[PDB]
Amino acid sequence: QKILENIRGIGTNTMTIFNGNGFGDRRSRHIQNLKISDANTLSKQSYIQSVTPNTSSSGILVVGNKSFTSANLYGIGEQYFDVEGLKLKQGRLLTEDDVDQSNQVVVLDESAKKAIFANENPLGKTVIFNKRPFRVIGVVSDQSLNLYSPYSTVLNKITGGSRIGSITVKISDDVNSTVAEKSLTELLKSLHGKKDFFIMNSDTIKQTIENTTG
């Protein structure tokens, strides 16, 4: 019943593509070869329902007179909250317009809201990440100071470049997960010119459990 009754809902119709060769290789994970253009091409495959780019940075967040360290700002796609199962609790989520206009808006984690705002109303208030002001537009349920902003805003204004840490894809409901992984792998290899990424999904978890000593 281990694999059974468990992988339920984790990486079933979603796959996350990461830089490098695996978690058993932190080194290769630092090299960023995934690009927004990769994500654009993926968004166009017929077997792909949505694509969410993901980059992040950990820095100093000022709120009013308070200063916090190791606040994580994620630059993610519009579909991020849905695919990760984060429930909107208050205000609003990112829109296509936020992404398109690279708006400095942020969506707070439940525990981030509590840590930074306690019982205060967070909506409409400004938080400053590494000197850059963002307006709080909403709050979601959590997965340690997580803030979510459009990937475009974070790339354009914070990290620079068009390279990212990972891409989560939502697979078409009516396609064979194994076939989708293969097409996705072949396309990205073609794009990058080499296999310098790895894919995490239900199959990966299962394959890990099978190959561990019990």
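Residues carry their position along the shown sequence, with the first being 1.
In this entry, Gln143 and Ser144 are separated by 4 to 9 residues of the deposited sequence that lack coordinates. Once the C-alpha B-factors are averaged per stretch, 174-182 and 22-30 rank with 22-30 first. Note on 72-80 vs 89-97: mean CA B-factor is higher in 89-97. For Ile205, the recorded CA B-factor ranks within the highest third of the chain. Only modelled residues enter the ranking. When the modelled residues of the chain are ordered by C-alpha B-factor, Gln49 sits in the highest third. In this PDB entry, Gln104 carries a Cα temperature factor that places it within the lowest third of its chain's modelled residues. The entry lists a Cα temperature factor for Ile137 that places it in the lowest third of the chain's modelled residues. Per-chain ranking of the deposited C-alpha B factor places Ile17 in the lowest third.
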